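Have a look below at one chain only, the form deposited in one PDB entry, in structure tokens format.
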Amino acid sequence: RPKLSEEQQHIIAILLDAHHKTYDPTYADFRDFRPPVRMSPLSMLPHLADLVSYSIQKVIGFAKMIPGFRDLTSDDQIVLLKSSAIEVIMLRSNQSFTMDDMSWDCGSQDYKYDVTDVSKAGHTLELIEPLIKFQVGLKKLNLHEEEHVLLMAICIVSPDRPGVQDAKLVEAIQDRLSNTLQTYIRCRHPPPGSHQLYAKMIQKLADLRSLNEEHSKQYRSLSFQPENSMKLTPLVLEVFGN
């Protein structure tokens, strides 16, 4: 009979507040991004570049708060963030994604984003199709907020990211997180929702590796032309590559 210990309730309380401090459900800062343009050879590039950039900053802010992440070397902190960022952004975007019309609704019509907007940032269906698919199936899981923050933290603290030096340290942090999530589903997620829930969550992480790869490929294609690359941000260029 496994129970949620003091330490695990602590972990969940930390990740919740970490999330609360880094996700603004009023989407108030959006007014500062270069404006959206819907008429267009890549008319959404500057607005979504800015949105991703912002998102990167908030993902870093959440990552810093993960129990044990601070114990990592600054070089592994960097490796974990560079390789996970797009993945965590896809997961956190789920919170604003609506099955109503397969779009991301950030408060208002100007900041409601759909398939044609991502198209206009220079992405093709090779990515968008399995991206909506992902959002749809992650939405259907109906995670408790607790499961959502833990899935994001588990994604960031992955031992097999290329370039990891203290793999064994990354593993003990992540295992302490898996264990908290597994035990959590058991104690707090009632059936039929709880059924295979963990395995389905872990499967969304595998789906993320594939989306990551395809995002990277099209980002490398986008940033071929120094003219597109001009319209990104310094943080995007540093984190996604140059």
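Basically, rigid core = biggest C-alpha set you can superpose within 1.5 Å across the two forms. Numbers for residues come from their place in the sequence shown, where the first is 1.
Missing here is the form deposited in another entry; even so, the following discussion is about that form.
Lining up the core between this form and the one not shown shows that one residue from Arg34, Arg176, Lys64, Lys217 moves its Cα 2 Å or more, and that residue is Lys217. After superposing the rigid core, the C-alpha of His195 moves by 2 Å or more between this form and the one not shown. Distance between the C-alpha atoms of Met102 and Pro190: longer in the other entry than here (change of 3 Å or more).
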